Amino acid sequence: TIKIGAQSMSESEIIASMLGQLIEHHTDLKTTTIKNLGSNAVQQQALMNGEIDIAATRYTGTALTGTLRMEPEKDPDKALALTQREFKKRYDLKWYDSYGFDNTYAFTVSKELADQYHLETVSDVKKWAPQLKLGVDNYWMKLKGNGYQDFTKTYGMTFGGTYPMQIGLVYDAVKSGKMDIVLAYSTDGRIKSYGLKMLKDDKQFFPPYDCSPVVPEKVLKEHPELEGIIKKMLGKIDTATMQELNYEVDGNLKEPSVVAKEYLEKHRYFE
């Protein structure tokens, strides 16, 4: 049984299920999803100690800072190449090419607020920060490198209130007016239909967050059919599509496994 890890995000559950279903489509391997992994670090340790055989969704900027403790790299291609090289060298892990989407932190407001105050960039809210309530996920306040501490230092603003909550809640928090601004994830499917506006990170504080599966080389050697199966997903899932899939779960109330199955059927399992 191939154990596929998912972080506590709809996106990760969808992709983990899709990869599992694709493996079962092509082979006699059983698969199962190890859900609710809390973070990049949890995924990393689980890969290294055999608790998961595949990490469905890891993100380059997160791993480059968090796991590798390297200086950030602004260019997506260079960041991916560095991550791939160092993951193989340091951990004998294969960090695959991206599925085709990046999922970045994005400061997000209602279009109404953006229109009223001409907000386009993160710097545009600097003068307003003391009068804004910011909603954020339950990790970002303690997060190192690109978390709240470095953000305040780089952008030189502090919000009037900061409210950590489970990430899935921030979208209706800002839509309903409870928060004025939230640190959303750019692939969330609610951003569009909730009429939200992502502000440009004009200081380039956030690194690239291209998403890939990661697998130990030992697992690939023992299951030589996995490489060609994983490859079928790479470069095929763009950000707009990921947003649509996430929406099916969070807005259309479908199970991630059903969303994955329906996508595979629509796209004929990528062949």
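Numbers for residues come from their place in the sequence shown, where the first is 1.
Engineer: Comparing 191-199 with 97-105, which stretch shows the greater average C-alpha B-factor in the deposited entry?
Structural biologist: The stretch with the larger mean CA B-factor is 191-199.
Engineer: Looking only at CA atoms, which has the higher mean B factor in the entry: 146-154 or 160-168?
Structural biologist: Comparing 146-154 with 160-168, the higher mean C-alpha B-factor belongs to 146-154.
Engineer: Could you check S176, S110, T83, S186 and tell me which one carries the biggest Cα B-factor in the deposited entry?
Structural biologist: Highest C-alpha B-factor among the listed options: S176.
Engineer: Comparing recorded Cα B-factors across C211, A240, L47, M70, which one is largest?
Structural biologist: In this record, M70 carries the highest C-alpha B-factor of the candidates.
Engineer: In terms of the chain's CA B-factor thirds, is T32 lowest, middle or highest?
Structural biologist: It falls in the top third of the chain.
Engineer: Please place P216 in the lowest, middle or highest third of its chain according to the CA B-factor in the PDB entry.
Structural biologist: Its C-alpha B-factor belongs to the lowest third of this chain's values.
Engineer: For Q204, return the chain-relative third of its C-alpha B-factor as stated in the PDB record: lowest, middle or highest.
Structural biologist: Highest third.
Engineer: Rank-wise, by C-alpha B-factor, drop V259 into the lowest, middle or highest third of its chain.
Structural biologist: Lowest third - that is where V259 ends up once the chain's C-alpha B-factors are sorted.
Engineer: What third of the chain, by the recorded C-alpha B-factor, contains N40?
Structural biologist: CA B-factor rank for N40: middle third.
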